[PDB]
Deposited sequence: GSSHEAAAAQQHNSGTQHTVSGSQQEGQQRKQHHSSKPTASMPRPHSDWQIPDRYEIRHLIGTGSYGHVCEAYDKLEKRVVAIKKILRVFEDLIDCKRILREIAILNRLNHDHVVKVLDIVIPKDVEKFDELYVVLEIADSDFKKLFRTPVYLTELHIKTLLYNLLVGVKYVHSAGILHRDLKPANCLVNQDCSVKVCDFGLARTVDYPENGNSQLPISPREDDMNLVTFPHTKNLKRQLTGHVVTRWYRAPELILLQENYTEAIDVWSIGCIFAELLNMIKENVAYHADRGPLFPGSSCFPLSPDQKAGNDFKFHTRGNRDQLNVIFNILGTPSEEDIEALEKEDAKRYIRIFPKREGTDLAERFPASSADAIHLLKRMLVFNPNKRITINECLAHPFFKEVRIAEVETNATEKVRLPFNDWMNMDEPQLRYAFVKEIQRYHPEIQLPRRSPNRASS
């Protein structure tokens, strides 16, 4: 009735594709997803996003509270997903004219890691961690979201191989599309987020508008180039540990160069913080610090509570092959199945 929010009365819209609302039955966020089926790759990814969230269950991962019954299961092209609301996210936090302590940073970095540990324990690589999908509350609790590019245990390790958007947080192996990805890719991304967290200290960056990401075909080359300008080019040894011969010849074309010392980029931060960051940002995913070593690192001694560092009871198994070219009928059916988890009386499309 004269609204973009074709959702029950039960929810009273308030703020602002996403709105704040009140549930008679707590405050909540409601996301409206337009043009669901126009592009079948974006569609598949929206489906992956919802299906993974629906199956994850942890304090440090955002919760789907409801998916609203479509007016017509056969024809809908829109969706309403009701979500646990958070005060903000890292990206917006960084844009904010405030400064953080090393305790805050440490706390936010720890809660992120804890949530990513759970995710990995459910056999998922997030594969796309970034400030916008690190949700954050005033009490420094952190919730991961946006699993649309994530890789479940069933995703082929060589990649699907299909015949032929910010990249600032992508590990070199991912930029290089090497596949055979490990936990290491998410560790890299967290390292990149760590650099922005450290820039929240007055003595590292003076004015908030100067804050930015550490590493800002053509797009991939400048991204690798910027990574090399700061950390240096890799060892012959480390080039050799790349999976694919073609990538090796390509990385050997970039002129050999020394790295800068990252400590001199964050001179107000403690040695523990820098040591950790240096260990997250290493080129060879084999030598990169693991998540569990991260949680055990002395930087978190004051904030650690090992009991919240829980694992999944089992791996997430999606009822479809999301690495495959799903057509629209398969996508509509799968969506409705997801919607049946909240409204099981809903008819399936015929």
Quick one: where does the model skip the deposited sequence?
1 to 44, 61 to 67, 77 to 78, 218 to 244, 297 to 316, 451 to 458
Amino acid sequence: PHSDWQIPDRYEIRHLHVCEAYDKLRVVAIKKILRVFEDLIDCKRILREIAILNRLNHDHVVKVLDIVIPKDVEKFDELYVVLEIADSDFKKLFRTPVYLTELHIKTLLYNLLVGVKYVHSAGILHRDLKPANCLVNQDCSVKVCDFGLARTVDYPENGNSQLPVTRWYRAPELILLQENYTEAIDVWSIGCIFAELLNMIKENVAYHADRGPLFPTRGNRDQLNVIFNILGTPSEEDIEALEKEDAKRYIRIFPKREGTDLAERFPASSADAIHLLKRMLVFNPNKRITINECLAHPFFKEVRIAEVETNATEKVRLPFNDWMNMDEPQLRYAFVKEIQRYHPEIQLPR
From here on, numbers count along this sequence of modelled residues.
Please compare 72 to 80 with 167 to 175 and name the stretch with the higher mean C-alpha B-factor in the deposited structure.
72 to 80
In the PDB record, does 59 to 67 or 311 to 319 carry the higher mean Cα temperature factor?
311 to 319
Going by the deposited entry, which of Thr152, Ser141, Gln162, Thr182 has the highest CA temperature factor?
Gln162
Sort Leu331, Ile339, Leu25, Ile13 by C-alpha B-factor from the entry and give me just the highest.
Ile13
Going by the recorded CA B-factors, say which third of the chain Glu240 sits in, lowest, middle or highest.
highest
Ranking every modelled residue in this chain by its Cα temperature factor as given in the entry, which third contains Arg249?
highest
Considering only modelled residues of the same chain, in which third does the CA B-factor of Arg35 rank: lowest, middle or highest?
highest
Relative to the other modelled residues in the chain, which third contains the C-alpha temperature factor of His120: lowest, middle or highest?
lowest
Please place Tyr207 in the lowest, middle or highest third of its chain according to the CA B-factor in the PDB entry.
highest
